[PDB]
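Everything on this sheet refers to the single structure shown next.
2 protein chains.
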Amino acid sequence: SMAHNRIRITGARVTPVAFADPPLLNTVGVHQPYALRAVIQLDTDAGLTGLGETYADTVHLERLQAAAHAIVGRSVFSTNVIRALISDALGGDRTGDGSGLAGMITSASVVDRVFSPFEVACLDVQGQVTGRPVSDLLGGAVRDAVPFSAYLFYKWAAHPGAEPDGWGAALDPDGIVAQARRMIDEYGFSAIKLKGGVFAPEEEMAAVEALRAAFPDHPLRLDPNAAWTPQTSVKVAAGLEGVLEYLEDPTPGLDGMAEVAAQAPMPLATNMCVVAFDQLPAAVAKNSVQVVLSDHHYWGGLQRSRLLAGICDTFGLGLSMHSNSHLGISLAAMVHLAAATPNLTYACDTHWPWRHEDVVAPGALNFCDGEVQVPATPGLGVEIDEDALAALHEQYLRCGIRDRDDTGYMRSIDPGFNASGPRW
Amino acid sequence: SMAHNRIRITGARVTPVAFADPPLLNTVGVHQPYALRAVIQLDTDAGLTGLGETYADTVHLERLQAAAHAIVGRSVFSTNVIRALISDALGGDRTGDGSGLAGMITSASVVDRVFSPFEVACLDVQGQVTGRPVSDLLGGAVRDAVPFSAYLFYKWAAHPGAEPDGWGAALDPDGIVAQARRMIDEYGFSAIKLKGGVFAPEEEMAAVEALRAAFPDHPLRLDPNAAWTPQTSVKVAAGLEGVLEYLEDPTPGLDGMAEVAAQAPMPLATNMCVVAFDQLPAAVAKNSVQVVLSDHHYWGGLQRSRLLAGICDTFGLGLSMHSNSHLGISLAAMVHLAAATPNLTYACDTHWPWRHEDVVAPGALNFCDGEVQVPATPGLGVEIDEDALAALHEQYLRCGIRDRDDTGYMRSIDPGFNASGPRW
Ligand SMILES: [Cl-]
Ligand SMILES: [Cl-]
Ligand code: NA
Ligand code: NA
């Protein structure tokens, strides 16, 4: 079947999709009523198709098309070469670019964000053709299931002029505790994270303490997306001594983070000031953070995430995982990666509970007691449901949204709104 | 053929071998008349056998036996788990241990040295069962051939009371230049390295300059294995400005190296003060070195060498490759590793020209114009020649040597000899 023992790329089909998202609040705005993703179907001359998933902003879709064209005629095992071809096609790397990430995270490598979904799709094909799960291409699983956290948000009851969702509003500690109960009853999550930077620090600390009261054994994390000054951060950290497993991005920039970490009794984590390999040396020299949140979508795929993990282990940094609104292809890739990473022991973030649509056939990624069992089948372990894919693509065409824009969407509701920060 | 889609280890056969080595001089002594290696044949329930190669000191052979016992019943794709089992079996890691390396290099991880050959053998099986060359398990080749350097040594004409070899003595610049001509005529090497620390620095500089005169376009490297004080090193570096591609381990320890690097116009390289992952952070903080020499035999196999490469790239360090007396299994593994490493652009060291025996069937690893083409076949690309293996094992039994001991061997010839350093 494989002439010249060769299996190479013949093309890629990129399909933007949109799925319903509740009005989740963050420090820069509120989520739009649909979240956008792009599905990559990477086709080969063996007739095997690999899957990847990434952001769907306008400029990213154009880059994905240029990447797809550049890598036709390359072996799916030649991922080093494929990254270099993509770099050439994009005209090299670059920073200050926040696409797909709502301007929230603006320092990630453009080449890595574009390469990522193709690399994941390549590993999926490698696994299919060898009969091995993707975790076997990353040094093999070290655990049979991957634990995730409950990702809590302050939220309105409904998007303006729309039916309220089944969650209800969460705008204070009682509302946050109620949301946690509903989510944890359904999924079994053993660790809990709160998206903060929305209400005054003392009110978010109150929600944290209420969570601790309701869930005495659950590790807790708080993430205000850099909404605080370093002085305010140090007060929050002192006040939450012994309560948080870690505190993520309390304040903006490597210097401010280093200032806070010098006083904070819990470790600081980040997915804002360390989002690319070239930021690691400064973060290490300054002692800005103690925990790095991996994310294969912007670090450049699964093998490069494994590299990040080894760098963290070497330099004495803890390792967790960051997420954005995502579907089942991303989830499968996250699970294979975390399963194969010895030092990824923190529960991974996921936005899973907040969506109810998907592009893959069901059954391969069930949550049980807060964890997802790593698929043992060849490849990524999930397959496209073409009817579901077409439906979410049609939803994307109709919903009219073309870029993630939490701030712009908040402004369409509240014209004078600014994404100020820090706010406290 | 593979029940439960599983291919797992059933046992390992470890065969110590010995092959003839000339009286090559270094700063701590002279090579023994035979060099020792251990061949690993890693057997699986699929009837596929993987190959690895490592040192053969007494205590290492015992560790290899304990490792082999610990990993029976493990998938050859589960290399993360296999390392952890080996660590447990050895009772955890450790330093100050110089076995296999003649006390020259004493800070490498014991777990990594023991795991390495099993990891290489596992990748060999992975490649065989998937039909892929080992380079396809490391991100794929980025080059079709790997360039090596001419590794020159001062040497006596013969071991005491033995027939002189065909090289003759090399004890001065003319002798070193003659040795280079013979080696480069035969192999085509495009870069040249001199093992120094044997004669006074000004005489080794003279050999370096003679090499430059005879080979105007060849990159040159000098490595006195830390035989100099930092003050002496700075004089050598100043005197060889514009002549060396890099200067390896001029002086002992991270602090002294950092002192020298502050003044040296060429980059400093090492395989002595950075030989384990836990040494990287100090080397980086101190700016002790600009180039790290990889070596999969003591860094823990091929995937961990790929990790080292990514760390070097991230922290702005160049990457080369170190070698010790070795045979064709090691050579194949070195070639697949270097082929798949984008930032390994320096020519690799090899002791190849100094041996004339091997344990693998010939034809897969020819040198042409100084480089070895990466094998495209499944697995490592070399196979055991059982008659050759048995002959070199018989040679090991008869030669009586049980540990590499350059200093002890020099003392058996010259009782008052000391491995002093620095010497100048
Ligand atoms: Cl190719
Ligand atoms: Cl296993
Ligand atoms: Na975060
Ligand atoms: Na060296």
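Chains as they are written, first to last, in the numbering used here: chain A, 1 to 424; chain B, 425 to 848. By construction, the Cβ of each residue, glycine as well, lies at the ideal position given by its N, Cα and C atoms.
Do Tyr670(B) and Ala693(B) have their CB atoms nearer than 7 Å? yes
In chain B, which residues lie with their C-beta within 7 Å of the C-beta of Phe277(A)? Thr738
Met426(B), buried or exposed, once every other Cβ within 10 Å from all chains shown has been counted against 16: exposed
So which residues put a beta carbon under 5 Å from any heavy atom of ligand 3, going in chain order? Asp223(A), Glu248(A), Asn271(A)
Taking DSSP as the reference, what is the three-state secondary structure of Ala545(B)? helix
Starting from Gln465(B), follow the beta strand (DSSP E) in both directions and report where the run begins and ends. 458-468
I'd like to know whether the C-beta atoms of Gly300(A) and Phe115(A) end up nearer to each other than 7 Å. Closer than 7 Å, so yes.
For ligand 2, enumerate in chain order all residues having a CB closer than 5 Å to any of its heavy atoms. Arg498(B), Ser499(B), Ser502(B)
Measuring only the C-alpha atoms, how far is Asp387(A) from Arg113(A)? 27 Å
Do the segment 318-336 of chain A and the segment 286-298 of chain A make contact, defined as three or more Cβ pairs closer than 8 Å? yes
What's the call for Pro839(B), buried or exposed, on a 16-neighbour Cβ count within 10 Å? When all chains shown are included, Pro839(B) counts as exposed.
Any chance you could list the beta strand (DSSP E) runs of at least 3 consecutive residues sitting entirely within the segment 281-312 of chain A, in chain order? 291-294
What are the residues of the segment 319-340 of chain A that lie near chain B, defined by any Cβ-Cβ distance shorter than 9 Å? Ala340
In three-state terms, what does DSSP make of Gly599(B)? helix
If we ignore side chains and look at the alpha-carbon of each, how far apart do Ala686(B) and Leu194(A) end up? 48 Å
So the alpha helix (DSSP H) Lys659(B) belongs to, where does it begin and stop? 654-663
Quick one: which chain A residues come within Cβ less than 7 Å of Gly563(B)? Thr79, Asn80, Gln303
Test: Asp136(A) CB closer than 7 Å to a CB of chain B: So, interface residue.
Neighbour list for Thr130(A) in chain B, Cβ cutoff strictly below 9 Å: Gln550, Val553, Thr554, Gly555, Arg556
Does any residue of chain A have a CB that is nearer than 7 Å to the CB of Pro447(B)? no
In chain A, which residues lie less than 9 Å from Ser499(B) when you measure between Cβ atoms? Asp136, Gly140
For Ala162(A), which residues from the same chain have a beta carbon less than 8 Å from its beta carbon, with the 5 sequence-adjacent residues on both sides left out? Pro33
Spatial distance of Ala390(A) from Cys122(A) (CA atoms): 23 Å
Please report whether the beta-carbon of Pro342(A) lies at a distance below 7 Å from any beta-carbon of chain B. yes
Could you please give the first and the last residue of the uninterrupted beta strand (DSSP E) stretch that includes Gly666(B)? No residue range can be given for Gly666(B), since it is assigned to no beta strand (DSSP E) and is classified by DSSP as neither H nor E.
Answer with yes or no whether the minimum CB distance from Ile311(A) to chain B is below 7 Å. So, interface residue.
Tell me, which residues are paired with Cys792(B) by DSSP? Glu795(B)
Contact belief for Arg411(A) with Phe417(A) at Cβ below 8 Å, rounded distance in angstroms: 5 Å
Three-state class that DSSP yields for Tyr55(A) in the structure shown: coil
Which residue comes first and which comes last in the alpha helix (DSSP H) that contains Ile753(B)? 752-763
Proximity winner among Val374(A), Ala102(A), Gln126(A), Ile311(A), relative to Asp57(A) (alpha-carbon distances): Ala102(A)
Take every Cβ of the segment 565-585 of chain B, pair it with every Cβ of the segment 609-627 of chain B, and state whether three or more of those distances are shorter than 8 Å. yes
Selection of the segment 276-296 of chain A by Cβ proximity to chain B, strictly under 9 Å: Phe277, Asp278, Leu280, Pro281, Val284, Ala285
What residues in the segment 429-446 of chain B have a beta carbon less than 7 Å from any beta carbon of chain A? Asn429
Tell me, please, whether the CB atom of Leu307(A) is closer than 7 Å to any CB atom in chain B? Look at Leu307(A): its C-beta is under 7 Å from a C-beta on chain B.
Straight-line Cα distance separating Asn695(B) from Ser844(B): 19 Å
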